[PDB]
Structures are given as structure tokens and as C-alpha cells.
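Data block below; observations after.
Residue numbers run from 1 in the order of the sequence given.
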Amino acid sequence: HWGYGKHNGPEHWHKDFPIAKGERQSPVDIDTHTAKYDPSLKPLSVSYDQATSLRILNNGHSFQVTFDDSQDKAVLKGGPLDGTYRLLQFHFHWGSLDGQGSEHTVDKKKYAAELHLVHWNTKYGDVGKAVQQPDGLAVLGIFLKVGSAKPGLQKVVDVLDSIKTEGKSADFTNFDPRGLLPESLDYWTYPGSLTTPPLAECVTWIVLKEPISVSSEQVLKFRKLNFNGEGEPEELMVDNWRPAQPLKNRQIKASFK
Ligand SMILES: [N]S(=O)(=O)[C][C][C][C][C]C1234B567B89%10B%11%12%13B85%14B%1158B%12%11%15B%139%12B%1061B%12%112C5%153B%14874
Ligand SMILES: [Zn+2]
């Protein structure tokens, strides 16, 4: 039932998911001058060389690329994290125009899109158990700005016509998510939530400072996706982002000065 429209969007979600008004909701605005440099924060360890992508899917809210998470093949460690987090999937949030689309904001600036690489803590054994824990998930967030093309995104772009409408999926093997990463792993981190229902308060957020650039042609292909199922009235999948939520009693920490 939930979505991004006037009658089912973010301002409505609290009715089905009352944690929407909780103490550690995401996304947030990252006020760069208030974030605390923490010299105790470790470099982030991103180990994606053995990643196994499986499928690409239009789930009615975004599209996602899903990975084999039955072994420690594509893992996030270090940074603010204790233990090992397996990559489950990545997906994006984006706008109808280039001035909106990101979930996190930086000094109130909105980026054209935001990439989320979703990982879960292997100490809980499966993702469903992990979402019930305050340290169950780690989501790596990467901003997208529009300029030059990102070559490592093109394989994704080119198959989106095959998953236009909700419920559609395709094979998507041998995709290397290292081609989506910026040069720097400098980051901000804070305790938060899933940004879609069920909005569980289970996420250590790690938001990279450096955006990636994608081309206008690449993001325009995102905007040709449909929220609707095949044959239903066509509603472009655009503006699938939750706005910034109150920071409440939280500190955003920076890995860099
Ligand atoms: N924008 S975000 O990365 O915060 C939310 C992405 C959803 C994370 C993965 C889940 B799948 B299964 B259940 B469904 B719902 B619960 B469980 B796994 B997590 C989320 B969805
Ligand atoms: Zn997301």
C-alpha cells in the first residue's frame, strides 16, 4: 500500500509503521560543520572482489541488484563497524529532475540520486533476524551528481528497459559493484533506520563524502521506470526518496578532518 504519492507517501507511513516517528529515523541532513571528526574511526574495508550478483528486480519502489549472501563474498568491515557485514543488494533513490532525489542531504543540498549498498551483520545469521537488532545492518550511501558518465553504471542502465514495471526481474550475473565507488572512502556515520517500510531502527549508516558523477542519459533511464505493474496506468518511478527526518539525540561523526 505504501509509496511516494500524495495519498500513500512518507507523511502517511507512520500509520502502518509507527516507528516512522522514532528516535533514530533516516535519512537526515548532514550538517558538515556540526559533524564531529572522530580520529578513533577506522578506514572502511570494502571487500567486493568475490561478489556474485544474481538478479535485477523492479520492486515497485526502486530497482535492486541482488547478490549471493550465503557466504562472505562481498563484505563490509571496519569503519564504525564491529564484525562482518554481507552485501545483500544495492538500489537507488532518484528525482524527477536533477535538483532532488537523494535521501541524505549535505548542508541541505540534495543530490540527483543516492545509491544504497545494503549489508547485514553475519552474527545474526540472516537479514530478517538482523533487522530486529540495533546493529543488524550497515548501509553504504553514495551520492550521485549529474555530469560525466559513470562507465561502471552502464551495464545496469542498459537492462532497465527489461524491468520497466513492478514485478519484473532479469538475470544480472557478473556485475562488479566496485565500478560504482568514488575514489575516496571518507565518510560520515550515524545510527539510523531503513528509509523504506518497515523503517526498522537497525542501520549503521555510512555516507561517503565524495559523490560519483553519472550522465544525464544514465539518470534519464532511471526515470523511465514505472512504479506501476504492466498494463496499469503509467506512473513514472521518480521521486522515490524519503525526506530528511529529525536528528533528535544523535551525533554524526566524520572519518576525516
Ligand atoms: N533505503 S534502505 O536501504 O534503508 C531500505 C532497503 C531495504 C532493505 C532490505 C530488506 B528486504 B527484507 B525486509 B525486505 B525489508 B526488511 B528485510 B530485507 B530488510 C528490508 B527489505
Ligand atoms: Zn535505500
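- Inter-residue side-chain proximity for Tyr190 and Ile30 is flagged as unmet; no heavy-atom pair is nearer than 4.5 Å.
- Between the side chains of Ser96 and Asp239, at least one donor N or O sits under 3.5 Å from an acceptor N or O.
- A 4.5 Å side-chain heavy-atom check between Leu81 and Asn121 finds every atom pair outside the cut-off.
- In this structure, the side chain of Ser215 engages the main chain of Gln218 through a donor-acceptor pair within 3.5 Å.
- Distance check: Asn8 CG to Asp16 CG gives 10.5 Å after rounding to the nearest 0.5 Å.
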Given side chain to side chain contact (heavy atoms under 4.5 Å, CB included), test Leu87 with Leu76 step by step and report yes or no.
CA-CA 7 Å; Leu87 179 63; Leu76 190 66; over 6 Å; no
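- With rounding to the nearest 0.5 Å, the separation of CZ in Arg86 from CG in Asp126 is 10.0 Å.
- Under the 30°/60° scheme for interplanar angles, the aromatic rings of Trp13 and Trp2 are found to stand perpendicular.
- Aromatic ring centres of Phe67 and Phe175: separated by at least 6.0 Å.
- Interatomic distance, CZ of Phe227 versus CG of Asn59, reported as 10.5 Å (0.5 Å rounding).
- The backbone N or O of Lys164 lies less than 3.5 Å from no partner atom in the side chain of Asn226, so there is not a single donor-acceptor pair.
- Here the side chains of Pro243 and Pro10 are in contact, with some heavy-atom distance below 4.5 Å.
- The heavy-atom pair separating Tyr111 from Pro211 by the smallest distance is CE2-CB, 4.0 Å.
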Between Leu208 and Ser184, does the side chain to side chain contact (heavy atoms under 4.5 Å, CB included) criterion hold? Intermediate values first, please.
CA-CA 8 Å; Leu208 298 190; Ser184 180; over 6 Å; no
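- Remark: side-chain polar atoms of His93 are not paired, donor with acceptor, to backbone N or O of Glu114 under 3.5 angstrom.
- Of the charged side-chain nitrogens involved, none lies within less than 4.0 Å of a carboxylate oxygen, so that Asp161 and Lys168 do not count as a salt-bridged pair.
- A distance of 7.5 Å separates OG in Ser53 from CG in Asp171, rounded to the nearest 0.5 Å.
- Of the possible donor and acceptor atoms, one in the side chain of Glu210 sits under 3.5 Å from a partner among the backbone N and O of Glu183.
- Aromatic rings of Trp205 and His104 (six-membered ring for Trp) have centroids within the 6.0 Å cut-off, being under it.
- The CG atom of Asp135 sits 6.5 Å away from atom OG1 of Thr204, with the distance rounded to the nearest 0.5 Å.
- Side-chain contact between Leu180 and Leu153 is present, with at least one heavy-atom pair separated by less than 4.5 Å.
- A perpendicular orientation is assigned to the rings of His116 and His91, their planes being inclined by more than 60° (bins at 30° and 60°).
- Taking 4.5 Å as the limit, every side-chain heavy atom of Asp107 sits out of range of all side-chain heavy atoms of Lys109.
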Report the C-alpha separation of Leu41 and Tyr187 in whole Å, then their side-chain angles, then the decisive distance to 0.1 Å, and conclude whether the side chain to side chain contact (heavy atoms under 4.5 Å, CB included) test is met.
CA-CA 10 Å; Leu41 285 170; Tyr187 64 88; 3.5 Å; yes
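- Using a 4.5 Å heavy-atom cutoff, the side chains of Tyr124 and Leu137 are not in contact.
- Smallest separation of non-hydrogen atoms from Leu57 and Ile163: C-CD1, 3.9 Å.
- With hydrophobic clusters built from ILVMFWY side chains whose heavy atoms lie under 4.5 angstrom apart, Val238 does not share a cluster with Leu97.
- Residue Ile252 is grouped with residue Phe256 when hydrophobic side chains (ILVMFWY) are merged at heavy-atom distances under 4.5 angstrom, including chains of intermediate members.
- Atom NZ of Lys221 sits about 5.5 Å away from atom CG of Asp158, to the nearest 0.5 Å.
- The hydrophobic cluster containing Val159 does not contain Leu54, counting ILVMFWY residues as joined when their side-chain heavy atoms lie under 4.5 angstrom apart, directly or transitively.
- Between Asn240 and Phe92, the shortest heavy-atom distance links the atoms ND2-O, 3.7 Å.
- Side-chain atoms of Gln25 and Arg242, non-hydrogen and from C-beta on, do get closer than 4.5 Å to each other.
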Start with the C-alpha distance between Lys123 and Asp82, add both sets of side-chain angles, then the distance that settles salt bridge (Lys or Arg N to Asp or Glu O under 4.0 Å), and finish with yes or no.
CA-CA 10 Å; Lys123 83 191 193 186; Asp82 287 337; over 6 Å; no
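- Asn228 places none of its side-chain heavy atoms less than 4.5 Å from the side chain of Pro233.
- The nearest pair of heavy atoms linking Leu199 to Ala20 is CD1-CB, 3.5 Å.
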Given side chain to side chain contact (heavy atoms under 4.5 Å, CB included), test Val156 with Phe172 step by step and report yes or no.
CA-CA 9 Å; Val156 171; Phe172 202 70; 3.8 Å; yes
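- Between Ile56 and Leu160, the closest heavy-atom pair is CD1-CD2, 4.2 Å.
- Within 6.0 Å of CD in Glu230 there are 12 or fewer heavy atoms belonging to other residues, nucleotides or ligands.
- Comment: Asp176 engages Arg178 in a salt bridge, judged by a side-chain N to carboxylate O separation of less than 4.0 angstrom.
- In this structure a side-chain-to-backbone donor-acceptor pair under 3.5 Å is missing from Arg24 to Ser193.
- Legend: side chain to side chain donor-acceptor pair (under 3.5 Å) pairs involving residues 141-153, not counting sequence neighbours: none detected.
- Formation of a donor-acceptor pair under 3.5 Å by the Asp29 side chain with backbone atoms of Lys108 is found in this model.
- Not one N or O on the side chain of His7 forms a donor-acceptor pair closer than 3.5 Å with the backbone of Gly5.
- No more than 12 heavy atoms of other residues, nucleotides or ligands lie within 6.0 Å of CG in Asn174, so this atom counts as exposed by the packing criterion.
- Across all non-hydrogen atoms, the minimal contact from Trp241 to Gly101 is CB-O, 3.4 Å.
- With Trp94 contributing its side chain and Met237 its backbone, the two residues share a donor-acceptor pair below 3.5 Å.
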